[PDB]
Amino acid sequence: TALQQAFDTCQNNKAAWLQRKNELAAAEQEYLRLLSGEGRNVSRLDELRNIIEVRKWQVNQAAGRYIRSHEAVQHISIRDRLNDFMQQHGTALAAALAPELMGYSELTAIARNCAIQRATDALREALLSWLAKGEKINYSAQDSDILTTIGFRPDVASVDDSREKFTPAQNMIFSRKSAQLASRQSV
Amino acid sequence: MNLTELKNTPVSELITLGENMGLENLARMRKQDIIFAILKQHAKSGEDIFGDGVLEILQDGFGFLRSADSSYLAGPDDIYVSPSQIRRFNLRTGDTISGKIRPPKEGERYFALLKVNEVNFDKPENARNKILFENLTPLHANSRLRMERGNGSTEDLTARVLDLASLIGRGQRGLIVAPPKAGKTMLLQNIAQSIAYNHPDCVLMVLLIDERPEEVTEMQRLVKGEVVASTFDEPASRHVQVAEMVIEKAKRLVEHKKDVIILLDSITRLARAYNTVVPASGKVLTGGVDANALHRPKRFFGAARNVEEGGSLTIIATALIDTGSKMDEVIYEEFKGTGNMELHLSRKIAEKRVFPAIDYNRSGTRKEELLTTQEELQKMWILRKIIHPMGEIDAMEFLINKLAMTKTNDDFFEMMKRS
Amino acid sequence: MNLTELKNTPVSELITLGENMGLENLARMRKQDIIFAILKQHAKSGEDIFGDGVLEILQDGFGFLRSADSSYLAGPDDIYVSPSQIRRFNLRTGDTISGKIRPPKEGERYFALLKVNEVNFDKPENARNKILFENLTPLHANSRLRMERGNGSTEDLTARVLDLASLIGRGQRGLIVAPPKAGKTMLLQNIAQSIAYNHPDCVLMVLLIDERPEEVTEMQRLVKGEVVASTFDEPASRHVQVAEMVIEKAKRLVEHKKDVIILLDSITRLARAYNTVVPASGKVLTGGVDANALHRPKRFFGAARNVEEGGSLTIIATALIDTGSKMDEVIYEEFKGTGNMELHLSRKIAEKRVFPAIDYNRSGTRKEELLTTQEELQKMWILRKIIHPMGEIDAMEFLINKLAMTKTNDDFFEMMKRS
Ligand SMILES: Nc1ncnc2c1ncn2[C@@H]1O[C@H](COP(=O)(O)OP(=O)(O)OP(O)(O)=S)[C@@H](O)[C@H]1O
Ligand SMILES: Nc1ncnc2c1ncn2[C@@H]1O[C@H](COP(=O)(O)OP(=O)(O)OP(O)(O)=S)[C@@H](O)[C@H]1O
Ligand SMILES: [Mg+2]
Ligand SMILES: [Mg+2]
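Chains as they are written, first to last, in full-length UniProt numbering: chain A, 4 to 190; chain B, 1 to 419; chain C, 1 to 419.
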């Protein structure tokens, strides 16, 4: 049930990020409307600038969280799909990679590391050789639906909003300002 | 009902409850008077009411009972304590009394005490058998008080730097010397967070002297342990009263083999209050401060000790320097060699936004070999040796960028010995 | 029973005595008041009780008798001494008195004195015919006071370095100049251990001024000779009172052809207390010191002498430098040329953790010919010649390893002369 919980947590993160984008756009458009208005409202403009900055930070945080959740879902899908494939064809893997794979239970640590690195880059070379012809591949039959729903990659709007980086001091001051804003809006 | 739950109740809920009881207008007066009126109404109801708080002895046994939430303010709702129970219970200042309380009758205006069912969170005869604080022999601090939270917080750099900077143990006497605008308040906040996080058993007390109201109201909503604060509005008499109450309560708590921690912001403010409250001794030192005036604060700062039989009292009091007044320098120099732990903060590092701003080479602790193990001690010694030549700003930026790239101080030790 | 034996008992016996004598409510107050109440109750039964202590006289003959266990603290257990007794016996401060005591009657609350049994560990009329200390002709130090225990311990190495740095004689006015965090406390520990081991006959006194309680209590449980100290919580009046009490007791002891040794930590803080206790003379020197402020510390330091009639009085007082306060510096140059032997500690050697950190090149003793035999005098001279050109850190590491390979000082001399 780990795949299912990862999937709906990713969906919840998507919904939260979309929502935060909605409030960010609404605040930006309302601030622009007041700026176009005749009324000065200097304090209103300043607090609207604060609003849009805090909501931009919130959108960036939500996008980052959703990106990490999607990456975790993809990683666990890779883990279990590889697990079942290797449980199917482990004897074939052993037959193909015997000359440097047995003795792992008794080889030294440096020998174990060198052997696994040789197996790793041999597998990398084989994967490149197979991808050379460029045959198209579909998703795994068992878990195709979840991976298709979450998509191959996160949306471009998720990635373009994560370019900016915030220092820990910036992170803590933004968190405090967001908490104060939520408390004020609730009242 | 309980008095504390009424005191912690918000004002709007208090006036709503008063309206339910029947009072037409109990909103346009102080909260203490509102609570006093609620007590009047519920005593007229006739039901039994609980009571509790910290006891205080006056000059003639005219005992009072305050609460820590109201910063020990002399309010009308403070519980009267007759000398009779003072005599047959052997109670002094700082005792935590709880039990039945008598509604006052004509001729008096303070709630009397019916009977006690707990003192110092213990049975009264056990409190009688307890030993008085100053008879307990002190030692050096033995139990390490780790500041690193270990949760991998993005702000946790302050606690890690503190752990690598000055060893804090269960019984230290600490000073935080810092110029204005250096981060004393948030350093104390991080220390309080670490105490409430890693060591939930020890009692944590934060005392603020004549601080700004905004910092105060930020303080009660940030720390977990109970916090007492005084603003600059009220005179030095209330500051002295609050400090004496806090130190007596800490002594009473530590008499029960409990661990008490007191954070003082700041010792200079309390020293000035003591200087301006006490009568002149006839001779004044430089800076316009009486020589005897500093006798009282020392007894506070000197209360920190590690008792053999049980419990400990740790005091971390910050001191202000470069403020611009000579008496502040006099107070600092009188306290220069008093505490066994000292942490120096630099204005130059603070103004360059490399936080926490700590002067490493000028900050240290006494008897550090007793607090921690050996291998950690040589690791820290190697760290001090390597970062000693470099300047304070360079040293702090190097520590920051080395500590930020991993999560645990052990990993930092591993990488510094490996590299 | 004996007042001294019950005073030396810990607080654990307090509850046992209280429950034996029927006073249960006897634990939660001052220990001195407890001793006073217990002695009152025991004297009410009509038994015989002894007493002893150190006598002191006020300005109007209101004589009191304190005990060294409570660090000469003015408490209810102090013994009355009427003007009639001090006129018939002509006793002053510092006299050790032992004999009968009397329970106080109505009108007073101080235990009185019936008759004396022993005065200064002597029959009173024999101590009656004694010549005054100020009438004793001083001389130079003659009897060498070796600091080498000879048991081949680990810390003994420090003491061994001492015997190679500055010879200490009997009746020698010594000075220890050290920065903060330099190891002066452990140096005093080693000196006290050497006195208690090599020369058990001479009276050893360890005096501490305004020291933190942990070091005060650690001092009491390590030295064999009696130790007196006042914490920095106490006012300057306490510090001075302790100073005159100790110096008068030492003078009284040395008047009976006894060898008294005093270890003072620190003369700088004692001078500070004297400065802040004496009235202003209208003439202030640089650093906030008064002209007569340092007068009394000078007498205290110069009381050390070698008396040809009999006895000796050695004083080893440490002075603080590089503290950061100009007044400590001023006190330092006011004592620079006073002592006849001095020993400098250096911060930089302590930074490299090489211990003991002694500035060998600048340390020494004047007129050391009378304190030692000639052959080892030339041995030390050639050692100084070969150690002088190289730096102090290199000098100390060289000395430490060379002494570590050897077992006694003579072994060190022979192994350095064979090469
Ligand atoms: N670790 C930190 N992260 C973010 N900001 C910090 C940090 N340390 C200090 N600062 C900033 O530096 C200043 C320190 O503020 P305070 O802690 O209130 O100063 P202070 O030491 O209390 O001295 P006072 O009371 O203002 S005179 C504030 O502007 C903080 O935002
Ligand atoms: N021979 C020694 N062997 C091992 N450690 C030593 C030795 N001498 C000193 N130290 C250490 O050096 C430090 C000096 O401690 P103290 O003697 O208490 O300092 P101090 O000279 O009393 O100055 P204060 O009291 O701190 S202002 C302690 O950490 C000791 O453990
Ligand atoms: Mg502040
Ligand atoms: Mg010391």
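All residues carry an ideal CB built from backbone N, CA and C; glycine is no exception.
- Query: For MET245 of chain C, which residues from the same chain have a beta carbon less than 6 Å from its beta carbon, with the 5 sequence-adjacent residues on both sides left out?
  - Reply: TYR72, listed in sequence order.
- Task: Buried or exposed for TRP60 of chain A, please, with buried defined as at least 16 other CB atoms from any protein chain shown within 10 angstroms of its CB.
- Result: buried
- Item | Chain-ordered chain C contacts of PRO76 of chain B [CB-CB under 8 Å] | Simply none; closest approach about 31 Å.
- Query: According to DSSP, what are the bridge partners of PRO138 of chain C?
  - Reply: Note: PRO138 of chain C sits in a beta bridge opposite C:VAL307.
- Can you tell which of C:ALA141, C:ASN306, C:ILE247 has the C-alpha that lies nearest to the C-alpha of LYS367 of chain C? In terms of Cα proximity to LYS367 of chain C, the closest of C:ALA141, C:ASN306, C:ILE247 is C:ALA141.
- For the segment 133–152 of chain C and the segment 297–316 of chain C, state whether three or more C-beta atom pairs, one from each stretch, are separated by less than 8 Å. yes
- Message: For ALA125 of chain A and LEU131 of chain A, I'd like the C-alpha separation in whole angstroms.
- Response: 10 Å
- Task: Give the secondary structure of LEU187 of chain C by DSSP, where H, G and I count as helix, E and B as strand, and everything else as coil.
- Result: Correct three-state label for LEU187 of chain C: helix.
- Message: I want to check one thing, is the minimum distance from the CB of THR158 of chain C to the heavy atoms of ligand 6 below 7 Å?
- Response: Ligand 6 is absent from the structure shown, which contains only ligand 1, ligand 2, ligand 3 and ligand 4.
- Just curious, the beta strand (DSSP E) that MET205 of chain B is in, first and last residue? 203–211
- Task: Assuming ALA250 of chain C and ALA357 of chain C form a contact by the criterion Cβ under 8 Å, report the distance between their Cβ atoms to the nearest whole angstrom.
- Result: About 30 Å; that fails the 8 Å criterion.
- Item | Straight-line Cα distance separating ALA271 of chain C from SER84 of chain C | Taking the CA atoms as reference points, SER84 of chain C sits about 35 Å from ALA271 of chain C.
- Show which residues of chain A have a CB atom less than 7 Å away from the CB atom of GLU155 of chain B. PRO171, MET175
- Using a Cβ cut-off of 9 Å, pull out every chain C residue sitting near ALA291 of chain B, in sequence order please. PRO235, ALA236, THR276, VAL277
- Message: Tell me the rounded alpha-carbon separation between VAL119 of chain C and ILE400 of chain C.
- Response: 47 Å
- Message: At the 8 Å Cβ level, is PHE232 of chain C part of the contact set with chain B, yes or no?
- Response: yes
- Query: What is the residue span of the beta strand (DSSP E) that residue 421 of chain B lies within?
  - Reply: For chain B, the structure presents residues 1 to 419; residue 421 of chain B sits outside this window and is missing.
- Message: Within 8 Å of any Cβ in chain C, is that where the Cβ of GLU5 of chain B sits?
- Response: no
- Message: Tell me the rounded alpha-carbon separation between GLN41 of chain B and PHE62 of chain B.
- Response: 26 Å
- Message: Can you tell me whether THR365 of chain B is helix, strand or coil according to DSSP?
- Response: strand
- Apply the 10 Å Cβ neighbour rule to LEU38 of chain A and answer buried if 16 or more other Cβ atoms are within range, or exposed otherwise. Exposed, since its Cβ has fewer than 16 Cβ neighbours within 10 Å.
- Evaluate the contact criterion for the segment 161–181 of chain A versus the segment 25–35 of chain A: three or more CB pairs, one atom per stretch, below 8 Å. No: the two stretches stay apart, fewer than three of their Cβ pairs being nearer than 8 Å.
- Message: Determine whether the beta carbon atoms of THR93 of chain B and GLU134 of chain B lie at a separation below 8 Å.
- Response: no
- Hey, would you say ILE101 of chain C sits closer than 8 Å to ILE191 of chain C, going by beta carbons? no
- Got a sec? Which residues, its chain only, sit under 7 Å from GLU397 of chain B by beta carbon, not counting five neighbours each side? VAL354
- Query: Helix, strand or coil for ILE176 of chain C per DSSP?
  - Reply: DSSP, reduced to helix, strand and coil, places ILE176 of chain C within a strand of the structure shown.
- Query: Does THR338 of chain B get closer than 8 Å to chain C when you measure Cβ to Cβ?
  - Reply: The beta carbon of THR338 of chain B sits closer than 8 Å to some beta carbon of chain C.
- Query: Skipping 5 residues on each side, what residues in its chain have a beta carbon closer than 7 Å to that of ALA97 of chain A?
  - Reply: Around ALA97 of chain A: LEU104.
- Query: Which value, in whole angstroms, describes the spacing of the CA atoms of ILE331 of chain C and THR158 of chain C?
  - Reply: Going by the C-alpha atoms only, they are around 28 Å apart.
- Query: Counting along the chain, where does the alpha helix (DSSP H) carrying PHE398 of chain B start and finish?
  - Reply: Here the alpha helix (DSSP H) through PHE398 of chain B covers 392–404.
- Task: Determine the burial state of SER419 of chain B: buried for a count of at least 16 other Cβ atoms within 10 Å of its Cβ, exposed for fewer.
- Result: exposed
- Message: I'd like to know if the segment 155–169 of chain B and the segment 46–54 of chain C are in contact, where contact means that at least 3 CB-CB pairs between them fall below 8 Å.
- Response: no
- Task: Would you mind stating whether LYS283 of chain B and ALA293 of chain B have Cβ atoms separated by less than 8 Å?
- Result: no
- In chain B, which residues lie with their C-beta within 8 Å of the C-beta of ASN25 of chain C? Within 8 Å of the CB of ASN25 of chain C, the CB atoms of chain B belong to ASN90, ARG128, in sequence order along the chain.
- Item | Partners in chain B for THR217 of chain C, counting only beta-carbon separations shorter than 7 Å | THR137, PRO138, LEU139
- Message: Strictly below 8 Å CB to CB, what residues from chain B border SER346 of chain C?
- Response: Within 8 Å Cβ-Cβ: nothing; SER346 of chain C doesn't reach chain B, min ~17 Å.
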